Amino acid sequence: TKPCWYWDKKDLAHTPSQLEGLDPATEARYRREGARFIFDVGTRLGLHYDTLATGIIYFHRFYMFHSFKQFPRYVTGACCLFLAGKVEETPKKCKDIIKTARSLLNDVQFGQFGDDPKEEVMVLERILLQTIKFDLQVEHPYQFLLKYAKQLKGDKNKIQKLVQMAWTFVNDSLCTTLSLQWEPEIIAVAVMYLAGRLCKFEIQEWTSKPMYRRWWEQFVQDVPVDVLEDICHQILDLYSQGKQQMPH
């Protein structure tokens, strides 16, 4: 019926890119750069946040089936965004994506697009579609962050701070392979959980079951803390590696 789009962390040691000689650090760097390229390009074009995320998910899934050494990442990114726009009904003309990609990429980087940027991108759509197995509908942590936050009742301002901080963690998680490891529902809970610790908030008190200390279980069944804490560790590693710090 429908494909499985989730892998184990251990399995990322055997992506095609790795087995062609790329090191773990480099592939993740390429993944961050490609995702952020998609994010920046689409943001300049005024694209909805779902459209950016869908392209990023297409991108991350793509490179579980292909090597970065054979598919230049910014071309792939541009193609994913191009298709994402059609899928999510926020369409853009390919020429306009190229124009924006040229604005944001230096001369070396834009070299990936070759002599005819639009063609390199349009040609890839065929491979993109076969690779994503025509499973075009994608759900993202955002909708669950809001669906679950609507069921919290209490201090309007403490909850809005929780949501905004968690939303930033969702945006930051798009640079990682978490999209490939956990369902979006789990990602939304994990980011709520992280913001709670960072905001020193006890979310159970906002739930309909205030003496249920594992507050998320009434949103996402069968999720151990093991998972939510692995996800938090991966999100905060992003901040520690960089110069950036937690939003608070």
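Throughout, rigid core stands for the largest set of C-alpha atoms superposing within 1.5 Å between the two forms. The numbering used is simple: start at 1 and walk along the sequence shown.
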Relative to this form, superposed by the core, which stretch has the greater CA RMS in 8 other deposited structures of this protein: 200-208 or 52-60? 200-208
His66: CA B-factor among chain residues, third -> lowest
Sorting the chain's CA B-factors, does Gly111 end up in the lowest, middle or highest third? highest
Name the third of the chain's ranked CA B-factors that contains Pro72, choosing lowest, middle or highest. middle
Binned into thirds over the chain's modelled residues, the C-alpha B-factor of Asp230 lands in the middle
Going by the recorded CA B-factors, say which third of the chain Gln143 sits in, lowest, middle or highest. middle
